[PDB]
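# Remarks on the overall topology
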Amino acid sequence: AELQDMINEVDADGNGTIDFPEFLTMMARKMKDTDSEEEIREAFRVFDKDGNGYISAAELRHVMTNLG
Ligand SMILES: [Ca+2]
Ligand SMILES: [Ca+2]
């Protein structure tokens, strides 16, 4: 399945990837956990496949449940 549709549902502003503000906002959207930019930034490099400082849908699967 193309995770592109998930990319489109996670995309808030149209950069096609989650940014620090977006990740935090989509997170806190209903569930609010940790908000320390260090930890959140650590997540960005962990979640992403390329660790390019952003969390995309495909990247989500890499880190989350699937192989990326
Ligand atoms: Ca964005
Ligand atoms: Ca990436």
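## As for the coordination of the calcium ion (ligand 2)
Protein ligation of the calcium ion (ligand 2) involves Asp48 (OD), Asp48 (OD), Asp50 (OD), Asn52 (OD1) and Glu59 (OE), the donor distances falling in the range 1.8 to 2.2 Å. Here the donor residues of the calcium ion (ligand 2) share one chain and are spaced in sequence as D-x1-D-x1-N-x6-E. Look at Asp48 and you get buried, because its relative accessible area is 3%. On the accessibility criterion, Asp50 (59% relative accessible area) is exposed.

## Some words on the coordination of the calcium ion (ligand 1)
Listed as protein donors to the calcium ion (ligand 1) are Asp13 (OD), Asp13 (OD), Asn15 (OD1), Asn15 (ND2), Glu22 (OE) and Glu22 (OE); their distances from the metal cover 1.8 to 3.1 Å. Around the calcium ion (ligand 1) sit 6 donor atoms, and with donor-metal-donor angles ranging over 46 to 166° the site reads as irregular. The sequence pattern describing where the donors of the calcium ion (ligand 1) fall on their chain is D-x1-N-x6-E. On the accessibility criterion, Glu22 (6% relative accessible area) is buried.

## Focus: the side chain of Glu22
In this fold, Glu22 is placed in helix α2 (residues 20-28). The buried charged residue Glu22 lacks any salt bridge, with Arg29 as its nearest oppositely charged partner at 10 Å. A distance of 3.4 Å separates a polar atom in the side chain of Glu22 from the backbone nitrogen of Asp13. Apart from residues no more than four positions distant in its own chain, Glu22 is found in contact with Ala12, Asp13, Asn15, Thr17 and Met27.

## Brief notes about the nonpolar core
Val10, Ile18, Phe23, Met27, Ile40, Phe44, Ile55 and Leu60 together form the largest nonpolar core, which totals 8 residues. Counting only elements with at least two residues in this core, the list comes to α2 and α3 (37-47). What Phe44 contacts, discounting residues up to four positions off in sequence, is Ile18, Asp19, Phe20, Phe23, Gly53, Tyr54 and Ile55.

## Remarks on the pattern of salt bridges
On inspection of all chains with the given rule, the structure shows 3 salt bridges. As a salt-bridge pair, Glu42 and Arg45 come within 2.6 Å of each other at their nearest N and O atoms. Here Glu42 and its partner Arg45 are both found in helix α3, 3 residues apart, which amounts to about one turn of the helix. A residue is classified by how much of its surface remains accessible, and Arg45, at 52% relative accessible area, is exposed.

## Comments concerning the packing of α2 against α3
When two helices pack together, their arrangement is given by the angle between their axes and by how far apart the axes lie. It is at 11 Å that the axes of α2 and α3 come closest, and there the two elements cross at 100°. In this view, α2 runs roughly perpendicular relative to α3, as classed from their interaxial angle. Facing α2, whose interface residues are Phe20, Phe23 and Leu24, α3 presents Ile40, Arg41, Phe44 and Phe47. Per-class residue counts for the contact of α2 with α3 are 6 nonpolar, no polar and 1 charged.

Conventions we followed
- For every chain, the first residue of the written sequence is numbered 1, i.e. counting runs from 1 onward, and this need not coincide with the entry's numbering; residues without coordinates are not included.
- For this description, chains carry letters from A and ligands carry numbers from 1, given in the order in which they are written.
- Hydrogens are left out, water is left out, and the side-chain values use all remaining heavy atoms of the structure.
- Listed donor atoms are N, O and S within 2.8 Å of the metal (Na, K and Ca: 3.2 Å). As water is not included, a site may look incomplete.
- Each residue is assigned to one of three classes by its accessible area relative to the maximum for its type, calculated with a 1.4 Å probe on protein chains only: buried under 20%, partly exposed between the two thresholds, exposed over 50%.
- Working rule for geometry: tetrahedral if four donors all subtend angles between 85 and 135 degrees; square planar for four, octahedral for six, if opposite donors exceed 155 degrees and the others stay between 65 and 115; irregular in every other situation.
- By the criteria applied, helices consist of DSSP H or I runs no shorter than four residues and strands consist of E runs no shorter than two, each listed in order from the N terminus.
- Under the counting rule used here, the positive set is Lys and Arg, the negative set is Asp and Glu, and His together with the chain ends is not counted.
- One speaks of a salt bridge when a side-chain nitrogen belonging to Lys or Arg is within 4 Å of a carboxyl oxygen belonging to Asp or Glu.
- Any pair of nitrogen or oxygen atoms within 3.5 Å is treated as a polar contact; in protein, a donor-acceptor pairing is required on top of that, and neighbouring residues in sequence qualify only through side-chain atoms on both sides.
- Contact between two residues is taken to exist if any of their heavy atoms lie within 4.5 Å; hydrogens are not considered.
- Among the buried residues, those of types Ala, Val, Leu, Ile, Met, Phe, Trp, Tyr and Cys that are joined through side-chain atoms within 4.5 Å form a nonpolar core.
- In this analysis an axis means a line fitted to C-alpha atoms, helices contributing only their contacting stretch, and an angle means the value between N-to-C directions, from 0 to 180 degrees.
- Roughly parallel here means an angle under 35 degrees, roughly antiparallel means over 145, roughly perpendicular means 65 to 115, and every remaining angle is called oblique.
- Residues are grouped as follows: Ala, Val, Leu, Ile, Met, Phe, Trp, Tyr, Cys and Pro are nonpolar; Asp, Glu, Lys and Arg are charged; all remaining types, including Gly, are polar.

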